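Worksheet: one structure, shown below.
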Amino acid sequence: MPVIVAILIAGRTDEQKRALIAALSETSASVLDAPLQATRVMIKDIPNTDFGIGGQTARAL
Amino acid sequence: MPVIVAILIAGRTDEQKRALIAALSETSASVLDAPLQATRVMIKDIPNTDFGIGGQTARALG
Amino acid sequence: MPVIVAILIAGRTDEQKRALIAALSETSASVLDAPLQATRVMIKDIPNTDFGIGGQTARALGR
Amino acid sequence: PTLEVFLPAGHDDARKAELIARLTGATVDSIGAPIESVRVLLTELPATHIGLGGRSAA
Amino acid sequence: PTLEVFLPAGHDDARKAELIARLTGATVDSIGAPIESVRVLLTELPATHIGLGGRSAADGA
Amino acid sequence: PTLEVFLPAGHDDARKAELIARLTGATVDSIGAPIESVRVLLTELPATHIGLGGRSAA
Numbered sequence: 168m169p170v171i172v173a174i175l176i177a178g179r180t181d182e183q184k185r186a187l188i189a190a191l192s193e194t195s196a197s198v199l200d201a202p203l204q205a206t207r208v209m210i211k212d213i214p215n216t217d218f219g220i221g222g223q224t225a226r227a228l
Numbered sequence: 003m004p005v006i007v008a009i010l011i012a013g014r015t016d017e018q019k020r021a022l023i024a025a026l027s028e029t030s031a032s033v034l035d036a037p038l039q040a041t042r043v044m045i046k047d048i049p050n051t052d053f054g055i056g057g058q059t060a061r062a063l064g
Numbered sequence: 067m068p069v070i071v072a073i074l075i076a077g078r079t080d081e082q083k084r085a086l087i088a089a090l091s092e093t094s095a096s097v098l099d100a101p102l103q104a105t106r107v108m109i110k111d112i113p114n115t116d117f118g119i120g121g122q123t124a125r126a127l128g129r
Numbered sequence: 006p007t008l009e010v011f012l013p014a015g016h017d018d019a020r021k022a023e024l025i026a027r028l029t030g031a032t033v034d035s036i037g038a039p040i041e042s043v044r045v046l047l048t049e050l051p052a053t054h055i056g057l058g059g060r061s062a063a
Numbered sequence: 003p004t005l006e007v008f009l010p011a012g013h014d015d016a017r018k019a020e021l022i023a024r025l026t027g028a029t030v031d032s033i034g035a036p037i038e039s040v041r042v043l044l045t046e047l048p049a050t051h052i053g054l055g056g057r058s059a060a061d062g063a
Numbered sequence: 006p007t008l009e010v011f012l013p014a015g016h017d018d019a020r021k022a023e024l025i026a027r028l029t030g031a032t033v034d035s036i037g038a039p040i041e042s043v044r045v046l047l048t049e050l051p052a053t054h055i056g057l058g059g060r061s062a063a
């Protein structure tokens with residue numbers, strides 16, 4: 168622990184995803200005083216047609 | 003890997019919950035050939051007021 | 067299907083939760099041409115100390 | 006409010022936009038949340054990833 | 003009961019069908035759930051979406 | 006971004022506020038999302054609900 172599920176609108180680079188995995192894991196370990204090795208991050212991409220805010224899709228913006 | 007979130011209606015006993023963690027882990031490890039020691043199970047208990055079956059809450063008994 | 071997880075800041079009444087569960091199930095069934103009896107809705111109540119928007123807790127933002 | 010909706014693949018973009026609009030409306034009407042706080046995440050699954058009663062939807 | 007199962011990609015349909023079947027049974031036998039009430043939702047993740055101890059599975063964590 | 010953080014129960018409110026702020030900063034630092042779009046949901050779990058390698062945390 169912790170296990171972090173991170174849901175992102177599709178389109179980020181593989182490099183951005185790797186950076187996000189590194190940063191969320193090290194930050195969780197640092198704040199919680201917990202071992203880094205046990206952390207888990209799982210990224211889910213979601214298309215802009217599949218994400219809504221205020222009833223409008225991210226594609227509609 | 004793998005990571006399993008098990009969403010349950012509140013009410014199962016601690017021993018049912020331990021049995022579930024065990025049974026779900028061994029199964030995933032066996033099917034996927036995944037190492038047992040890496041499999042994560044996380045139980046989220048849901049009160050009957052928060053669980054909908056067919057549009058009716060579990061407390062309404064539908 | 068569908069299965070809907072609804073994350074809500076804690077504090078809603080039981081009647082409000084029934085209304086939400088009914089409304090989301092009936093809306094999902096009609097739009098997706100699925101049987102109503104197969105729908106599932108799971109509400110996750112999250113305290114205002116455990117939810118953040120832009121790095122600030124819901125409590126700090128006045129709920 | 007954040008809704009994660011697990012649904013099968015096969016719906017076109019217009020149908021997903023209707024579902025997001027109508028689930029958002031259903032949320033505002035039923036609990037009074039301001040519309041701008043309602044977020045809908047559609048999680049589309051292939052039929053091979055959907056288990057109902059121990060059987061795969063495929 | 004509803005199970006979201008996060009898996010790395012690379013497992014075939016037949017393996018996924020066995021997982022859905024065998025997780026459903028392990029749930030019926032563990033907590034006494036009526037079998038038509040067990041939902042299993044499989045989320046397949048690419049290696050670039052999986053972090054173990056702050057490292058991406060794509061880098062071979 | 007919507008981050009769901011599963012963590013053992015029992016952290017005090019101060020630690021939770023620090024975690025929420027710091028994970029939000031980490032997300033902005035990594036992917037540059039508009040910070041107001043970063044939502045963090047802490048999901049606290051009792052030790053009897055945490056399975057690691059087939060064994061409960063309890």
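Residue numbers (my numbering), protein chains in the order written: chain A, 168 to 228; chain B, 3 to 64; chain C, 67 to 129; chain D, 6 to 63; chain E, 3 to 63; chain F, 6 to 63.
The beta carbon of each residue, even a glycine, is placed where N, CA and C say it ideally should be.
Item	Value
Exposure of F:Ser-61, with buried meaning 16 or more beta-carbon neighbours within 10 Å	buried
Boundaries (first-last residue) of the alpha helix (DSSP H) holding E:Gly-27	15 to 33
Proximity of C:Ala-104 and D:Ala-31 at Cβ, strictly below 8 Å	no
Exposure label - C:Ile-87; buried when at least 16 CB within 10 Å	buried
Contact set between D:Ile-40 and chain A, taken where Cβ atoms lie within less than 8 Å	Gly-221, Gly-222
Residue-level contact to chain A via CB, D:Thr-29, 8 Å cutoff	yes
A:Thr-180 burial status per 10 Å Cβ neighbour count (16 or more: buried)	exposed
Under 8 Å between C-beta atoms of A:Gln-183 and F:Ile-36	yes
Near-chain B residues of the region 44 to 57 of chain E - C-beta to any C-beta below 7 Å	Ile-52
CB of E:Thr-26 within 8 Å of CB of B:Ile-9, strictly	no
Continuous beta strand (DSSP E) stretch holding B:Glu-28: start and end	Premise fails: B:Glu-28 lies in the alpha helix (DSSP H), 16 to 34, not in any beta strand (DSSP E).
Near the ligand COA: A:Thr-206 beta-carbon under 7 Å from a heavy atom	Because no ligand of any kind appears in the structure shown, any question about the ligand COA cannot be addressed here.
Pairwise C-alpha distance: C:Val-107 and F:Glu-41	27 Å
Proximal residues to B:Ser-30 (C-beta, below 6 Å), its chain only, five neighbours per side dropped	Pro-4, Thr-41
Within chain C, the residues that F:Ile-25 reaches when beta carbons sit closer than 7 Å	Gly-118, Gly-121, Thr-123
CB contact check: E:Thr-4 to chain C, cutoff 8 Å	yes
Residues near D:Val-10 in its chain [Cβ-Cβ closer than 6 Å; skip 5 each side]	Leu-47
Chain A contact for B:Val-33 (CB, 8 Å cutoff)	no
A:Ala-205 (DSSP reduced to helix, strand or coil)	helix
C-beta neighbour in chain E for C:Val-69, strict 8 Å	yes
Buried/exposed call for C:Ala-124, threshold 16 Cβ in 10 Å	buried
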